[PDB]
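Subsequent text provides structure tokens for two forms of one protein chain, presented individually as structure 1 and structure 2.
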Structure 1
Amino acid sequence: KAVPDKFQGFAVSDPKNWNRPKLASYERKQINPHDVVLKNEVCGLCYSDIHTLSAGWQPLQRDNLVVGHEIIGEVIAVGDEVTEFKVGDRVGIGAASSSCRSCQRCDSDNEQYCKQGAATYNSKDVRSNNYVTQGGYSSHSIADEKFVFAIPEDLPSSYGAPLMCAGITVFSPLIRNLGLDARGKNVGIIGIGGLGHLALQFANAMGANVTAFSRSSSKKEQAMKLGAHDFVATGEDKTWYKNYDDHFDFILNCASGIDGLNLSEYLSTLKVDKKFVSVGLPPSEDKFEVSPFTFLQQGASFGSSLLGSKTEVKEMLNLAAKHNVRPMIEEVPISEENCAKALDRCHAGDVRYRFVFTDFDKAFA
């Protein structure tokens, strides 16, 4: 009665039908002693959802897979061991949903890097009898309390939602590599989508000197408004990197692909011993290419970063409220039709800058 045995969600079984999710009922994950159960209110559309649904990284790990991992909802139940939340709290869930609670990472604000971590969707939870996790395009969500985040009362759910993944995912590497105060440091942000448009704002808020990089200049005016001090359209200014020798303290890639992205040219603009970090994750088949030479010129490193920690989520929300960092969203009532539309438009790149699904009651009640 409090929690139904089955949840409802918009689901896909075949990657050929990645853009045609359909209403499905499915057995819920067990509620473990540290678990929190939400009645979902909103969910953002992350390009990770599309990569997952299209099997561009790996095959779908279950039938009727429900994606979505920028979730805001209300607590309707908690396990007996939950200490951090109570029924009626409005909270958020991002891209990871549980960890082992018994490793050093779990106890030192690296729980998103737990070796036995379970993603919010498409992932086997070994703590829940190998339940393959179900996401947030759904009436309800379950996550371990370490992966459920308090939402400030003044942040409306729709704007709060993309911060649960896009936000924390770009905030984590910026604070880790630049410090909270990034004054004097130059930061490049590649790929001005969901993640990138938030990275511009967060980097600007930290005091950094921000260069926005995009394949074209169509997003220039908005990027400038979002906190970029500098804009480069790499498809138009083909030799841009020649003016940026020894310039960047850090480069953060937020692009969904490898299409217009010459990694060597980016590395050539880093200062000595600085990092290029890709939070962007193209399909598994697609890679960047780059010679030992250009690594050698700079002592530059290439790497990636995954999500962020709960400590970091709290810091990020504080900073966001402080400097008015908010995602630019387009709200869409959840439905088979609207999810199809929104997935297709997101794939087409037609969005400024994040779709957020809303009005869950009309769908699931």
Structure 2
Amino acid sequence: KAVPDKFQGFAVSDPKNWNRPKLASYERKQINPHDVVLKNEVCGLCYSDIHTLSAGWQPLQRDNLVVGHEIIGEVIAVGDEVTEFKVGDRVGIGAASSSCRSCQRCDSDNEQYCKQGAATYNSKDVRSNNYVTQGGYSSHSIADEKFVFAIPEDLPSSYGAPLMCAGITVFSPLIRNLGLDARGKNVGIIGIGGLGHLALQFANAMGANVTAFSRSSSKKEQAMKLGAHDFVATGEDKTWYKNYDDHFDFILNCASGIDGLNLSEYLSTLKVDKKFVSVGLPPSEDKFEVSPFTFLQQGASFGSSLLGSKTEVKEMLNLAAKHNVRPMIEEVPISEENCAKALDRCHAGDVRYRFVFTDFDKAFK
């Protein structure tokens, strides 16, 4: 076989050592007819890697677990039923890897919402020997065909990797709630991190009037460069909603704190029958209180959004290359000392705006 029986990746097993992963060797996942095998070249650092490594939402489902789900690599092998990719193709893998392939979500462009699906890391894929999936801090990654995305040749590897998760996580609710042509529509982006910095460019490229939201004005100058048309410092202008009455056609909360948030203020600026969508929030199960009076005077709604569809990924890469929508990244050659450096900085938000791991040929044998 052209695929080794063991992969190499930077992994942890004790959640106390979430920030200091060590190199480990683990057996591969079984390759089913609809699976694609990659040789990883780059893998962006998503914040949900820190969510899962520290076991803040759910414990670790395996020992020597490799995270990272912003993968871009080269196909070295495919299943006997794969028809969209051949050996040598440059493709990418997001935060999900397996699906039902027989439900209704998979047939109606919603495979990322399939109840029997498996994530890229820390997930038991019942279709593959109930293997706890391994992420992209690895030498190689395996995924189903509908979660493998073809990379255009004009989009470089190190810059298309953050789009495999962070990009699609903010693009999916934008196109679904604003339409691909968002001209004449006012959109709102809360929090300018790895998710927010990409949402501003995509919303701007779609033609919407973008408003960047944060507590301070520390990121005002940088958000205006990223495509925001105005800025609001929710900590400095505490009564900012007075100048935004009946304005926003949609508001996207990009992983901003759902502890110090004031939904009453953001909802007071929505149009009628609009929605407030939160992405990148940690998947915790403690129920919060909800009242209908919070959305009454605007007909508004509150909801979540996870990942996107494969057809949305294609339209995202098409729009990203058409409008030159690239994420600001900090390249970091993958290594035991380098992963601990970026994870320590990414947890504190000390990045502008996405850590991308490179030079996989130098780290793994």
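What we label the rigid core is the largest C-alpha set whose atoms superpose within 1.5 Å from one form to the other. For numbering, take structure 1's sequence and count from 1.
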The residue to pick from 288, 85, 113, 131, given a Cα shift of 2 Å or more between structures 1 and 2 after core fitting, is 288
- Large Cα move at residue 100 between structures 1 and 2, threshold 2 Å, rigid core: no
Align on the rigid core first; then say whether the Cα of residue 259 has moved by at least 2 Å between structures 1 and 2. yes
Here the CA of residue 244, compared between structures 1 and 2 on the core, is shifted in angstrom by 1.8
The CA shift of residue 297 between structures 1 and 2, rigid core aligned, in angstrom, is 2.3
Shift in angstrom of the residue 54 C-alpha between structures 1 and 2, rigid core held fixed, comes out at 0.8
